[PDB]
>>> print(open('upload28.cif').read())   # mmCIF, C-alpha atoms
data_model
loop_
_atom_site.label_atom_id
_atom_site.label_comp_id
_atom_site.auth_asym_id
_atom_site.auth_seq_id
_atom_site.Cartn_x
_atom_site.Cartn_y
_atom_site.Cartn_z
CA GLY M 1 10.18 25.05 -11.30
CA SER M 2 13.88 24.30 -10.94
CA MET M 3 13.12 21.49 -8.48
CA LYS M 4 10.90 19.68 -11.00
CA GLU M 5 13.78 19.22 -13.44
CA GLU M 6 16.06 18.20 -10.57
CA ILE M 7 13.43 15.70 -9.37
CA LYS M 8 13.34 14.19 -12.86
CA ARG M 9 17.14 13.88 -12.88
CA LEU M 10 17.16 12.38 -9.37
CA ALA M 11 14.42 9.93 -10.36
CA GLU M 12 16.46 8.94 -13.42
CA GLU M 13 19.53 8.20 -11.28
CA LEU M 14 17.50 5.86 -9.07
CA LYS M 15 16.07 3.99 -12.06
CA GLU M 16 19.55 3.28 -13.43
CA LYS M 17 21.10 2.43 -10.05
CA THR M 18 18.59 -0.20 -8.92
CA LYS M 19 17.00 -3.14 -10.72
CA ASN M 20 13.86 -3.40 -8.56
CA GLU M 21 11.03 -2.69 -10.98
CA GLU M 22 8.74 -1.44 -8.20
CA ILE M 23 11.33 1.18 -7.20
CA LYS M 24 11.67 2.26 -10.83
CA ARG M 25 7.89 2.59 -11.15
CA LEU M 26 7.62 4.59 -7.91
CA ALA M 27 10.44 6.89 -9.05
CA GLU M 28 8.62 7.35 -12.37
CA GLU M 29 5.28 8.42 -10.90
CA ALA M 30 7.01 10.57 -8.27
CA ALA M 31 8.49 12.62 -11.11
CA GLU M 32 5.15 12.70 -12.95
CA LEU M 33 3.17 13.85 -9.91
CA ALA M 34 5.79 16.46 -9.00
CA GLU M 35 5.73 18.02 -12.48
CA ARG M 36 1.96 18.56 -12.18
CA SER M 37 2.30 20.25 -8.76
CA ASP M 38 2.94 23.97 -8.26
CA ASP M 39 3.21 23.84 -4.46
CA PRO M 40 6.84 24.43 -3.39
CA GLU M 41 6.43 22.52 -0.12
CA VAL M 42 5.29 19.43 -2.04
CA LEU M 43 8.25 19.63 -4.43
CA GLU M 44 10.79 19.99 -1.61
CA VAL M 45 9.48 16.88 0.18
CA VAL M 46 9.62 14.59 -2.86
CA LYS M 47 13.08 15.93 -3.75
CA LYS M 48 14.24 15.45 -0.16
CA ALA M 49 12.93 11.88 -0.29
CA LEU M 50 14.61 11.16 -3.63
CA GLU M 51 17.95 12.55 -2.41
CA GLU M 52 17.92 10.36 0.71
CA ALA M 53 16.90 7.41 -1.47
CA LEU M 54 20.06 7.93 -3.54
CA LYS M 55 22.13 8.01 -0.33
CA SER M 56 20.99 4.45 0.48
CA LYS M 57 21.39 0.99 -1.03
CA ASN M 58 18.78 -0.86 1.06
CA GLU M 59 15.86 -1.44 -1.32
CA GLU M 60 13.38 -1.70 1.55
CA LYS M 61 14.14 1.83 2.74
CA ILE M 62 14.29 3.27 -0.78
CA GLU M 63 10.76 1.99 -1.42
CA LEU M 64 9.51 3.58 1.81
CA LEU M 65 11.07 6.94 0.95
CA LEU M 66 9.56 6.73 -2.53
CA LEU M 67 6.13 5.90 -1.09
CA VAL M 68 6.27 9.06 1.03
CA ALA M 69 7.07 11.11 -2.08
CA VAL M 70 4.19 9.53 -4.01
CA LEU M 71 1.62 10.01 -1.23
CA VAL M 72 2.55 13.64 -0.54
CA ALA M 73 2.58 14.50 -4.25
CA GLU M 74 -0.79 12.77 -4.66
CA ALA M 75 -2.53 14.87 -1.98
CA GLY M 76 -0.34 17.10 0.18
CA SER M 77 -1.21 20.70 -0.61
CA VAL M 78 -4.07 23.14 -1.04
CA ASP M 79 -6.33 22.70 -4.10
CA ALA M 80 -6.44 18.99 -3.22
CA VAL M 81 -9.47 17.12 -1.93
CA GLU M 82 -10.02 17.69 1.79
CA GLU M 83 -10.83 14.02 2.38
CA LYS M 84 -7.71 12.94 0.48
CA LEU M 85 -5.58 15.17 2.71
CA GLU M 86 -7.08 13.54 5.82
CA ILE M 87 -6.23 10.02 4.62
CA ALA M 88 -2.73 11.14 3.64
CA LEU M 89 -2.14 12.57 7.12
CA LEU M 90 -3.47 9.45 8.86
CA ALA M 91 -1.05 7.21 6.96
CA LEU M 92 1.89 9.56 7.53
CA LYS M 93 1.22 9.80 11.27
CA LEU M 94 0.74 6.03 11.56
CA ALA M 95 4.01 5.41 9.71
CA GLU M 96 5.99 7.93 11.76
CA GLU M 97 4.84 6.40 15.07
CA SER M 98 5.63 2.81 14.01
CA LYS M 99 8.85 0.79 14.03
CA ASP M 100 7.99 -2.15 11.76
CA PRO M 101 8.81 -1.29 8.11
CA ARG M 102 5.86 -3.44 7.02
CA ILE M 103 3.50 -1.12 8.90
CA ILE M 104 5.12 1.84 7.12
CA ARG M 105 4.82 0.10 3.75
CA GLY M 106 1.23 -0.97 4.34
CA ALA M 107 0.03 2.41 5.58
CA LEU M 108 1.50 4.30 2.62
CA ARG M 109 0.41 1.71 0.04
CA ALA M 110 -3.16 1.61 1.36
CA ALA M 111 -3.40 5.41 1.33
CA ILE M 112 -1.96 5.83 -2.17
CA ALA M 113 -4.27 3.15 -3.58
CA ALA M 114 -7.35 4.72 -1.96
CA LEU M 115 -6.60 8.17 -3.39
CA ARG M 116 -6.05 6.83 -6.91
CA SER M 117 -9.30 4.84 -6.82
CA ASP M 118 -11.54 7.93 -6.39
CA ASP M 119 -14.12 5.51 -4.96
CA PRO M 120 -15.98 6.85 -1.89
CA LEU M 121 -16.36 3.37 -0.39
CA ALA M 122 -12.62 2.71 -0.71
CA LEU M 123 -11.76 6.14 0.72
CA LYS M 124 -13.85 5.66 3.87
CA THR M 125 -12.73 2.04 4.36
CA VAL M 126 -9.04 2.97 4.27
CA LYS M 127 -9.65 6.08 6.39
CA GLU M 128 -11.41 4.09 9.11
CA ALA M 129 -8.79 1.33 8.86
CA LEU M 130 -5.97 3.81 9.45
CA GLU M 131 -7.74 5.34 12.45
CA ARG M 132 -8.41 1.88 13.88
CA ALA M 133 -4.71 1.04 13.47
CA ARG M 134 -3.60 4.25 15.19
CA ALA M 135 -5.95 3.54 18.12
CA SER M 136 -3.97 0.41 19.08
CA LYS M 137 -0.29 -0.41 19.46
CA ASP M 138 -0.65 -4.12 18.56
CA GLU M 139 1.71 -4.28 15.59
CA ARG M 140 0.42 -7.75 14.67
CA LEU M 141 -3.15 -6.43 14.52
CA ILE M 142 -2.05 -3.30 12.64
CA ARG M 143 -0.37 -5.37 9.92
CA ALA M 144 -3.58 -7.35 9.34
CA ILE M 145 -5.69 -4.18 9.14
CA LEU M 146 -3.36 -2.59 6.58
CA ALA M 147 -3.23 -5.78 4.49
CA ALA M 148 -7.03 -5.87 4.30
CA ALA M 149 -7.28 -2.14 3.56
CA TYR M 150 -4.71 -2.31 0.75
CA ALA M 151 -6.27 -5.34 -0.96
CA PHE M 152 -9.70 -3.70 -0.80
CA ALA M 153 -8.38 -0.47 -2.32
CA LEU M 154 -6.76 -2.47 -5.14
CA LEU M 155 -10.17 -3.88 -6.10
CA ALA M 156 -11.49 -0.33 -6.50
CA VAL M 157 -8.41 0.74 -8.48
CA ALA M 158 -8.88 -2.31 -10.72
CA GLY M 159 -12.49 -1.25 -11.36
CA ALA M 160 -14.63 -3.56 -9.25
CA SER M 161 -18.35 -2.86 -9.55
CA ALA M 162 -20.31 -1.45 -6.62
CA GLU M 163 -22.05 -4.80 -6.09
CA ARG M 164 -18.83 -6.84 -5.97
CA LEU M 165 -17.00 -4.20 -3.93
CA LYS M 166 -19.78 -4.37 -1.32
CA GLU M 167 -19.35 -8.14 -0.96
CA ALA M 168 -15.61 -7.57 -0.62
CA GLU M 169 -16.34 -5.00 2.11
CA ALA M 170 -18.10 -7.64 4.23
CA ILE M 171 -14.87 -9.65 4.16
CA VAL M 172 -12.88 -6.59 5.27
CA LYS M 173 -15.09 -6.43 8.37
CA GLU M 174 -14.73 -10.18 8.93
CA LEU M 175 -10.94 -10.12 8.58
CA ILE M 176 -10.45 -7.21 10.99
CA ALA M 177 -12.85 -8.74 13.52
CA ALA M 178 -11.02 -12.07 13.24
CA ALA M 179 -7.64 -10.39 13.74
CA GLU M 180 -8.84 -8.77 16.98
CA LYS M 181 -9.78 -12.27 18.19
CA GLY M 182 -6.21 -13.45 17.58
CA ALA M 183 -6.76 -15.57 14.48
CA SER M 184 -3.73 -17.20 12.90
CA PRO M 185 -2.12 -15.23 10.04
CA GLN M 186 -2.80 -18.16 7.70
CA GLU M 187 -6.56 -17.76 8.12
CA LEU M 188 -6.21 -14.00 7.62
CA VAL M 189 -4.40 -14.62 4.33
CA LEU M 190 -7.18 -17.01 3.32
CA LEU M 191 -9.67 -14.20 3.95
CA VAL M 192 -7.68 -11.86 1.68
CA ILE M 193 -7.96 -14.50 -1.06
CA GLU M 194 -11.71 -14.70 -0.49
CA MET M 195 -11.98 -10.90 -0.58
CA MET M 196 -10.32 -10.72 -4.00
CA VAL M 197 -12.40 -13.63 -5.34
CA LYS M 198 -15.73 -11.98 -4.50
CA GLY M 199 -14.42 -8.56 -5.52
CA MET M 200 -13.83 -9.83 -9.06
CA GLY M 201 -16.86 -12.11 -9.35
CA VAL M 202 -15.14 -15.50 -9.71
CA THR M 203 -15.26 -18.71 -7.67
CA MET M 204 -12.78 -20.55 -5.46
CA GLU M 205 -12.37 -24.08 -4.10
CA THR M 206 -10.61 -24.61 -0.77
CA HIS M 207 -9.05 -28.03 -0.12
CA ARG M 208 -8.12 -28.17 3.56
CA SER M 209 -5.65 -30.78 4.79
CA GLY M 210 -4.55 -28.94 7.93
CA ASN M 211 -0.99 -28.91 6.55
CA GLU M 212 -1.39 -27.87 2.90
CA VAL M 213 -4.31 -25.43 2.67
CA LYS M 214 -4.70 -25.03 -1.10
CA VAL M 215 -7.02 -22.57 -2.86
CA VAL M 216 -7.88 -23.02 -6.54
CA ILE M 217 -9.33 -19.97 -8.31
CA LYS M 218 -10.82 -20.29 -11.80
CA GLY M 219 -12.03 -17.76 -14.34
CA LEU M 220 -9.29 -15.15 -13.83
CA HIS M 221 -7.71 -13.39 -16.79
CA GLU M 222 -4.43 -11.52 -17.21
CA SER M 223 -5.21 -8.27 -15.38
CA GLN M 224 -7.26 -10.06 -12.71
CA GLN M 225 -4.44 -12.49 -11.90
CA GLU M 226 -1.98 -9.63 -11.42
CA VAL M 227 -4.30 -7.79 -9.02
CA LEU M 228 -5.06 -10.98 -7.07
CA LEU M 229 -1.37 -11.90 -6.84
CA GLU M 230 -0.38 -8.38 -5.78
CA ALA M 231 -2.97 -8.30 -2.98
CA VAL M 232 -2.32 -11.80 -1.61
CA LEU M 233 1.48 -11.60 -1.81
CA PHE M 234 1.40 -8.18 -0.13
CA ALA M 235 -0.72 -9.60 2.70
CA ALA M 236 1.55 -12.64 3.09
CA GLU M 237 4.64 -10.42 3.31
CA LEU M 238 3.00 -8.22 5.96
CA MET M 239 1.77 -11.22 7.98
CA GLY M 240 4.95 -13.27 7.63
CA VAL M 241 3.16 -16.19 5.94
CA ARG M 242 4.86 -18.40 3.37
CA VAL M 243 2.72 -18.85 0.24
CA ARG M 244 3.31 -20.91 -2.90
CA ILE M 245 1.88 -19.56 -6.17
CA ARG M 246 1.15 -21.51 -9.36
CA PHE M 247 -0.88 -20.28 -12.34
CA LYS M 248 -1.95 -22.02 -15.54
CA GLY M 249 -4.28 -20.58 -18.16
CA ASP M 250 -7.17 -18.97 -16.28
CA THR M 251 -6.57 -20.85 -13.00
CA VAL M 252 -4.46 -19.69 -10.05
CA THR M 253 -3.41 -22.15 -7.33
CA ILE M 254 -2.42 -20.65 -3.97
CA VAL M 255 -0.97 -22.78 -1.15
CA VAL M 256 -0.88 -21.13 2.28
CA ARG M 257 1.75 -22.76 4.51
CA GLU M 258 2.00 -22.13 8.24
CA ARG F 1 -8.72 23.67 7.03
CA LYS F 2 -7.10 22.51 3.79
CA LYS F 3 -4.17 24.84 4.47
CA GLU F 4 -3.76 23.50 8.01
CA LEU F 5 -4.13 19.89 6.82
CA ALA F 6 -1.56 20.46 4.07
CA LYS F 7 0.88 21.92 6.61
CA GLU F 8 0.58 18.87 8.86
CA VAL F 9 1.19 16.61 5.85
CA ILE F 10 4.43 18.42 5.01
CA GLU F 11 5.57 18.47 8.65
CA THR F 12 4.81 14.79 9.28
CA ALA F 13 6.37 13.70 5.98
CA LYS F 14 9.58 15.61 6.72
CA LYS F 15 9.86 13.85 10.09
CA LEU F 16 9.11 10.46 8.53
CA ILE F 17 11.87 10.97 5.94
CA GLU F 18 14.49 11.88 8.54
CA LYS F 19 13.31 8.86 10.54
CA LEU F 20 13.97 6.53 7.60
CA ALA F 21 17.24 8.37 6.91
CA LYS F 22 18.71 7.73 10.37
CA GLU F 23 17.64 4.10 10.79
CA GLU F 24 19.36 1.50 8.62
#
>>> encode(input="upload28.cif", output="structure tokens")
Amino acid sequence: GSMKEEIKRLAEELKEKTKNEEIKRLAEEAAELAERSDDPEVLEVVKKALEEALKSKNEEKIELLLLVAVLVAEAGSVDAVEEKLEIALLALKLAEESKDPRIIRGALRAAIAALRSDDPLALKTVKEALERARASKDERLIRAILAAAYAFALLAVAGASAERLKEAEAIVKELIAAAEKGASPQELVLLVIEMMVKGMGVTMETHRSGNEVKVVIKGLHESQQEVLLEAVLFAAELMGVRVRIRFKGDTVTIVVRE
Amino acid sequence: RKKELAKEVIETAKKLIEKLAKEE
């Protein structure tokens, strides 16, 4: 009721204060989701998150607060899907018990993307990835699990077919298994690239020099290049890997530096 | 169960927000 109009005003103040477009988008959907929610406990959380976001200037913490508001408003009350509430709780518990902000960002992003996909394969993959991350305290392993879970959920949100999503699932297993063996973060980023390539049905060429590992992806169009870039850049930021991006027409060139 | 799951979501989210609020 009264909180919904206050949430819209608080979300408007954040949009005008900051210039980060991702913060402005998160503030937008936080106001949209809150207006469609009648639960008072949901509205008080997203308003409490928006108020603390206005008390801060650090864009990394404002994004995290906004991600909590989006996830809770997406599935944080009764009359929501029981499986969506489980995934929301797993990401919130994993984020509360972690120190690295990239683990907090990855856990919330992966959960939000899985709920919006409405795909049963994406819901179970992210659910099992969050439980696997909670079972260990290896922050380096947790960051690789969340990067793979988020990129896989993006494929479902983007509308990947069941056949291509299944091939992408086999790479999710391979990436997680390779992270538990201590594989370098560069090879884990290369696996994210391969996951998105098979998930969208295109091809890739890998030219390995040992120093400049370059991947050339052909046949991608506008929406596909945005989804691929969002998944790979998110993984690189969580793994601490420097990546160079170049696109031209329907081709995307990705260089993974150590 | 949905009521109990929703309660844990609100409780955990409130603690996560105060956690991000204290740390800078």
>>> resolve_selection(input="upload28.cif", expression="the PyMOL selection byres ((chain F) within 7 of (chain M))", output="list in words")
residues 2, 3, 5, 6, 9, 10, 12, 13, 14, 16, 17, 20 and 21 of chain F
>>> atom_distance(input="upload28.cif", atom1="CA of residue 113 (chain M)", atom2="CA of residue 160 (chain M)")
13.6 Å
>>> resolve_selection(input="upload28.cif", expression="the PyMOL selection byres ((chain M and resi 258) around 7)", output="NGL selection string")
:M and (186 or 241-242 or 256-257)
>>> atom_distance(input="upload28.cif", atom1="CA of residue 125 (chain M)", atom2="CA of residue 159 (chain M)")
16.1 Å
>>> resolve_selection(input="upload28.cif", expression="the PyMOL selection byres ((chain M and resi 118-120) around 10)", output="PyMOL selection string")
chain M and resi 83-84+113-117+121-125+153+156-157+159+162
>>> atom_distance(input="upload28.cif", atom1="CA of residue 36 (chain M)", atom2="CA of residue 112 (chain M)")
16.7 Å
>>> closest_residue(input="upload28.cif", among="M:141, M:197, M:233, M:134", to="residue 177 (chain M)", atoms="all atoms listed in the file")
M:141
>>> closest_residue(input="upload28.cif", among="M:21, M:74, M:6, M:32", to="residue 51 (chain M)", atoms="only C-alpha atoms")
M:6
>>> closest_residue(input="upload28.cif", among="M:40, M:20, M:26, M:145", to="residue 59 (chain M)", atoms="all atoms listed in the file")
M:20
>>> residues_around(input="upload28.cif", residues="region 212-228 of chain M", least_positions_apart="5", cutoff="10 Å", atoms="all atoms listed in the file", output="PyMOL selection string")
chain M and resi 151+154-155+157-158+186-187+190+192-197+199-207+233-234+243-258
>>> write_last_selection(input="upload28.cif", atoms="C-alpha atoms", output="compact mmCIF listing (two decimals), in the coordinates of the input")
# COMPACT_ATOMS: atom_id res chain seq x y z
CA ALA M 151 -6.27 -5.34 -0.96
CA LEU M 154 -6.76 -2.47 -5.14
CA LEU M 155 -10.17 -3.88 -6.10
CA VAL M 157 -8.41 0.74 -8.48
CA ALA M 158 -8.88 -2.31 -10.72
CA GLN M 186 -2.80 -18.16 7.70
CA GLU M 187 -6.56 -17.76 8.12
CA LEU M 190 -7.18 -17.01 3.32
CA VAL M 192 -7.68 -11.86 1.68
CA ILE M 193 -7.96 -14.50 -1.06
CA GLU M 194 -11.71 -14.70 -0.49
CA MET M 195 -11.98 -10.90 -0.58
CA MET M 196 -10.32 -10.72 -4.00
CA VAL M 197 -12.40 -13.63 -5.34
CA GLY M 199 -14.42 -8.56 -5.52
CA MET M 200 -13.83 -9.83 -9.06
CA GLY M 201 -16.86 -12.11 -9.35
CA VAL M 202 -15.14 -15.50 -9.71
CA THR M 203 -15.26 -18.71 -7.67
CA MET M 204 -12.78 -20.55 -5.46
CA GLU M 205 -12.37 -24.08 -4.10
CA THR M 206 -10.61 -24.61 -0.77
CA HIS M 207 -9.05 -28.03 -0.12
CA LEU M 233 1.48 -11.60 -1.81
CA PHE M 234 1.40 -8.18 -0.13
CA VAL M 243 2.72 -18.85 0.24
CA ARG M 244 3.31 -20.91 -2.90
CA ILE M 245 1.88 -19.56 -6.17
CA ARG M 246 1.15 -21.51 -9.36
CA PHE M 247 -0.88 -20.28 -12.34
CA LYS M 248 -1.95 -22.02 -15.54
CA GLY M 249 -4.28 -20.58 -18.16
CA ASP M 250 -7.17 -18.97 -16.28
CA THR M 251 -6.57 -20.85 -13.00
CA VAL M 252 -4.46 -19.69 -10.05
CA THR M 253 -3.41 -22.15 -7.33
CA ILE M 254 -2.42 -20.65 -3.97
CA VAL M 255 -0.97 -22.78 -1.15
CA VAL M 256 -0.88 -21.13 2.28
CA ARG M 257 1.75 -22.76 4.51
CA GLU M 258 2.00 -22.13 8.24
>>> residues_around(input="upload28.cif", residues="region 10-17 of chain M", least_positions_apart="5", cutoff="8 Å", atoms="all atoms listed in the file", output="PyMOL selection string")
chain M and resi 23-24+27-28+30-31+47+50-51+53-54
>>> build_atoms(input="upload28.cif", residues="region 1-13 of chain F", atoms="N, CA and C atoms", output="short mmCIF file (atom, residue, chain, number, x, y, z; two decimals), keeping the file's coordinate frame")
data_model
loop_
_atom_site.label_atom_id
_atom_site.label_comp_id
_atom_site.auth_asym_id
_atom_site.auth_seq_id
_atom_site.Cartn_x
_atom_site.Cartn_y
_atom_site.Cartn_z
N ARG F 1 -9.05 25.01 6.55
CA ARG F 1 -8.72 23.67 7.03
C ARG F 1 -7.76 22.95 6.08
N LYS F 2 -7.98 23.13 4.77
CA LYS F 2 -7.10 22.51 3.79
C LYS F 2 -5.67 23.01 3.93
N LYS F 3 -5.50 24.30 4.24
CA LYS F 3 -4.17 24.84 4.47
C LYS F 3 -3.53 24.21 5.70
N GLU F 4 -4.29 24.09 6.79
CA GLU F 4 -3.76 23.50 8.01
C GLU F 4 -3.50 22.00 7.84
N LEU F 5 -4.37 21.31 7.10
CA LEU F 5 -4.13 19.89 6.82
C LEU F 5 -2.91 19.70 5.94
N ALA F 6 -2.73 20.56 4.94
CA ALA F 6 -1.56 20.46 4.07
C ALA F 6 -0.27 20.73 4.84
N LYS F 7 -0.30 21.65 5.80
CA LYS F 7 0.88 21.92 6.61
C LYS F 7 1.27 20.71 7.45
N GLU F 8 0.29 20.05 8.06
CA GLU F 8 0.58 18.87 8.86
C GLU F 8 1.12 17.73 8.00
N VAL F 9 0.66 17.63 6.75
CA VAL F 9 1.19 16.61 5.85
C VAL F 9 2.66 16.85 5.57
N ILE F 10 3.04 18.10 5.30
CA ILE F 10 4.43 18.42 5.01
C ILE F 10 5.30 18.21 6.25
N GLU F 11 4.81 18.63 7.42
CA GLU F 11 5.57 18.47 8.65
C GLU F 11 5.78 17.00 8.99
N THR F 12 4.71 16.21 8.93
CA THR F 12 4.81 14.79 9.28
C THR F 12 5.68 14.04 8.28
N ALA F 13 5.57 14.38 6.99
CA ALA F 13 6.37 13.70 5.98
C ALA F 13 7.85 14.02 6.13
#
